[PDB]
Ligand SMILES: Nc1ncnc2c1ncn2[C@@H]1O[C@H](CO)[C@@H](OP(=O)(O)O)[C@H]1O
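Quick setup: one chain, the form solved without the named molecule, written in structure tokens, and binding and motion questions come after.
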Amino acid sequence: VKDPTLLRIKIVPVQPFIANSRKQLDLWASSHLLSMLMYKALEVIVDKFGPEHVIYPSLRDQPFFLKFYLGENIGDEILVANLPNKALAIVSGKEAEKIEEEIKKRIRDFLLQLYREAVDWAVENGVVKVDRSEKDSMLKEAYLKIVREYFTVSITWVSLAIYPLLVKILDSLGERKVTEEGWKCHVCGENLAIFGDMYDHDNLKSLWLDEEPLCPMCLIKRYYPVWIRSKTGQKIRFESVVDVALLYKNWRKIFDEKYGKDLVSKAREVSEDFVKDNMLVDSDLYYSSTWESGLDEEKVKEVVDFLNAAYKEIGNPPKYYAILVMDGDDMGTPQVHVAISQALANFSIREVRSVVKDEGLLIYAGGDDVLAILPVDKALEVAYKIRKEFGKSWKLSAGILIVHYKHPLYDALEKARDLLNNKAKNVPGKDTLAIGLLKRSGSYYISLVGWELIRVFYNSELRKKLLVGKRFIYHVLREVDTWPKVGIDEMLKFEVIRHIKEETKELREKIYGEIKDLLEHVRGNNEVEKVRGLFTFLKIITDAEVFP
């Protein structure tokens, strides 16, 4: 209509914006902000035409639009990032470039507004710990330039059966129109820290919240959650990975319910600086080790002892958490495009949220992609359920990295990604879950399994009987360390007999059967690889440091 023309928007950071996150809050803010940029982009198209002009993503149920456009109060549903960094729409030929420069302008202006607000906020609350009339010093054109040039917005359009050809034309010409375009800070470390020119290093570090001289973009990342709290009334329930870890078997709920106030008291009794608003200032303070180590001694001893007694009664505290990353297999005629986009939107916005919350933290769900932080006891069932919904609403691969709470976030993320792309997606036929466990010890276990293994195993008397040995797993694992000379079946039978009341005839009978079934859904070229994968999986889910 009015010279119908297909338009494509691609927003990309010139640095690994999201991937550089040093903290859970930073990851959430990264993703949320990207989705937000795309929101501003799309606001122009909606303003000029309307929501039905945007083919992908479908705006039908989009929380950012319901909240920021229509003013509906959706509450905490605003906290998930649902908008991808790529979009296409139908517009009239004449509006095209106008829309282009308007989208660019609105994104620039939005980012600059956030930078300004964020500097005010930094000075007022003293993250930058310098004098209030030195605000101007931070608006020095260098920093603004960094904020302006950080995101590349590629807008392309072509005039309008062969539609599927010109969509890829826009993919191409767009992948063209993108590429052409002191001491760097302590979070990302790609770009210059603020005051990273004028001052000298050791001196510089002391200007900052704790020894951490943010760049303008990381400054923005840090303000953004208070900004969102301003606009909405909402903030993510779990601020750090430890708050997610602690949801294992309701550990933190239970501890809170019984010993919580006492713990806050003994913590405060150590120092008023460990407590804010009648709760621990950092959740890693639920760990004895944090007191025995990190960074009055008799009061800290009192706390350590109180916690240790607590563990004896309620069980040891979970230190591990799971990163779930999922991507649709082999995914890259307008009616069917709209129907596809509506199906993807409904998967992303409704189904995924429906399974995840409140059991964990859903960071991003958009297109064929999911990113989420989960307690270790929920990861498998959540992954599985999301795959089921995807198949109801067609294949999907996932990496799951189970990791120690002290592990650097960005490295854990790079690893989860690496499980997804470099492992699961290199299986013939794909449709695979790749599970990693990285122990604090530095030891790393991987198991590649088909989605059905989770079902079959959940339904098995074997799972039940494992909560018959943990030494069993160790023994057959030491058998497939390098292969058994007698072969795989003989080895299994033997170790089963060994690790198991004539009634056991049944048990050994059944278990050996189930195992065989399970070996069906473990990925590998040969039976020994399948046994290694399956028993690595079992070692992973039986691990007592990981599952206390």
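For every residue, the number given is its place in the sequence shown, counted from 1.
One more form of this protein should be noted, the form deposited with the named molecule bound, which is absent from this view; the next part is about it.
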{"query": "Partner-facing stretch of 508-516, 27-35, 477-485, 43-51, counted where any non-hydrogen atom is within 4.5 angstroms of the named molecule in the bound PDB entry", "finding": "27-35"}
{"query": "4.5 angstroms heavy atom contact with the named molecule in the bound PDB entry for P84", "finding": "yes"}
{"query": "Contact flag, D327 vs the named molecule in the bound PDB entry, heavy atom cut 4.5 Å", "finding": "yes"}
{"query": "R108 within 4.5 Å of the named molecule in the bound PDB entry, heavy atoms", "finding": "no"}
{"query": "Any non-hydrogen atom of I18 within 4.5 angstroms of the named molecule in the bound PDB entry", "finding": "yes"}
{"query": "Candidate from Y364, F390, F457, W251 lying within 4.5 Å of the named molecule in the bound PDB entry - any heavy atom", "finding": "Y364"}
{"query": "Position in contact with the named molecule when the complex is considered in the bound PDB entry, options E190, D377, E95, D369, heavy atoms within 4.5 Å", "finding": "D369"}
{"query": "Stretch 391-417 - residues with a heavy atom within 4.5 Å of the named molecule in the bound PDB entry", "finding": "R417"}
{"query": "Direction of the Cα shift between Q15 and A81 in the bound PDB entry, where the change is 3 Å or more", "finding": "closer"}
{"query": "Direction of C-alpha distance change in the bound PDB entry, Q15 to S31 (at least 3 Å)", "finding": "closer"}
